[PDB]
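Form deposited in one PDB entry, single chain, as structure tokens, below.
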């Protein structure tokens, strides 16, 4: 029975490497191509599943070979695809990336079938939504669909973890009140608040704005510098001194380790994100439970660390 349900996006990364970037009208011969699995929703789902969560991916891909390939990737990671939809009306989402020998790139994103995931689709998935322990949402599908997913979780008492990524100025105010845990990065927080965010001190001031819009808990991530947290019952910023790995891990802990303090969950999730950064690649770099330190999965009183 899925404890973590993710409503969000799946995207295929298509990468070519070339000596130089092409000029208009030019064909250039590359020396390497590869495919990688992405999308914030998928990536967050995959990290949670690798840690041992029972997860379900609510999303929409194309009735095409990339979408069939995505479905197999979710199944290989032990994720339920019962509400992974396939549509003939758009292609599976893509990120095409060309990179030259100087590390300069060009990137073309087509969100495709992700934008077609709608209310009717979420309604069909009510049983898994209502019965989960945590619902995770981002902003790579139609915002209205994310909203409705958060609204459905709330009506069943399911904990809402929201990642407003990519961010948007003029986000619906309902988003803040529907979010039990609202987690974003520095740049995102600048878009959402129109403040500048450079230090951990600025982050704390930006978090407080978001907290005052109605979020229960706000977390602002600081890259490889940790994160800053506030809550309605503790409004003072606490500084705790890859993004999808962190959010996936936090989902896992919210669903399976409710007896941990926020501070501890965030430590463990920072640790797990840092492991993903060291390993080459993207979703493949996400660590499994068996390859991580066993203290990540024990109560505080059980270990000597």
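Take the two forms, superpose them, and find the largest set of C-alpha atoms that agree within 1.5 Å; that set is the rigid core. Positions refer to the first chain, counted from 1.
Original post:
Hey, how big is the hole between residue 258 and residue 259 in terms of deposited residues without coordinates: none, 1 to 3, 4 to 9, or 10 or more?
Top reply: According to the record, the chain runs unbroken from residue 258 to residue 259.
Subject >> Higher-B stretch (mean Cα B-factor, as the entry records it), 100-108 or 213-221 >> reply: Stretch with the higher mean C-alpha B-factor: 213-221.
Original post:
Of 60-68 and 258-266, which one has the bigger average CA B-factor?
Top reply: Higher of the two, by average CA B-factor, is 258-266.
Subject >> Top residue by Cα temperature factor, when 31, 239, 40, 50 are compared in the entry >> reply: 239 has the highest C-alpha B-factor of those listed.
Original post:
Out of 295, 19, 283, 16, which shows the largest CA B-factor listed in the entry?
Top reply: Largest recorded C-alpha B-factor: 295.
**OP:** Compare the C-alpha B factor of residue 45 with those of the other modelled residues in its chain, then answer lowest, middle or highest third.
**Re:** For residue 45, whose C-alpha B-factor we compare with every modelled residue in the chain, the answer is the lowest third.
Original post:
Taking the C-alpha B-factors as the PDB entry records them, is residue 55 in the lowest, middle or highest third of its chain?
Top reply: Lowest third.
**OP:** Could you tell me which third, lowest, middle or highest, the C-alpha B-factor of residue 92 occupies within its chain?
**Re:** CA B-factor rank for residue 92: lowest third.
Original post:
Considering only modelled residues of the same chain, in which third does the CA B-factor of residue 197 rank: lowest, middle or highest?
Top reply: It falls in the top third of the chain.
Original post:
Once the chain's modelled residues are ordered by C-alpha B factor and cut into thirds, is residue 122 in the lowest, middle or highest one?
Top reply: Within its chain, residue 122 is a lowest-third residue by C-alpha B-factor, going by the deposited values.
One more form of this protein, deposited in another entry, exists but is not displayed; see below.
**OP:** Choose, among 126, 107, 144, 169, the residue with a C-alpha displacement of 2 Å or more between this form and the one not shown when the rigid core is used for superposition.
**Re:** The listed residue whose C-alpha shifts by at least 2 Å is 107.
Original post:
Taking the rigid core as the frame, does residue 236 move its C-alpha by 2 Å or more between this form and the one not shown?
Top reply: Where the cores coincide, residue 236 shows only a C-alpha shift between this form and the one not shown that is less than 2 Å.
Subject >> Threshold 2 Å Cα movement between this form and the one not shown at residue 52, rigid core reference >> reply: No; residue 52 is a residue whose C-alpha shifts by less than 2 Å between this form and the one not shown when the cores are overlaid.
Subject >> residue 20 C-alpha relocation of at least 2 Å between this form and the one not shown, rigid core basis >> reply: Yes, residue 20 moves 2 Å or more.
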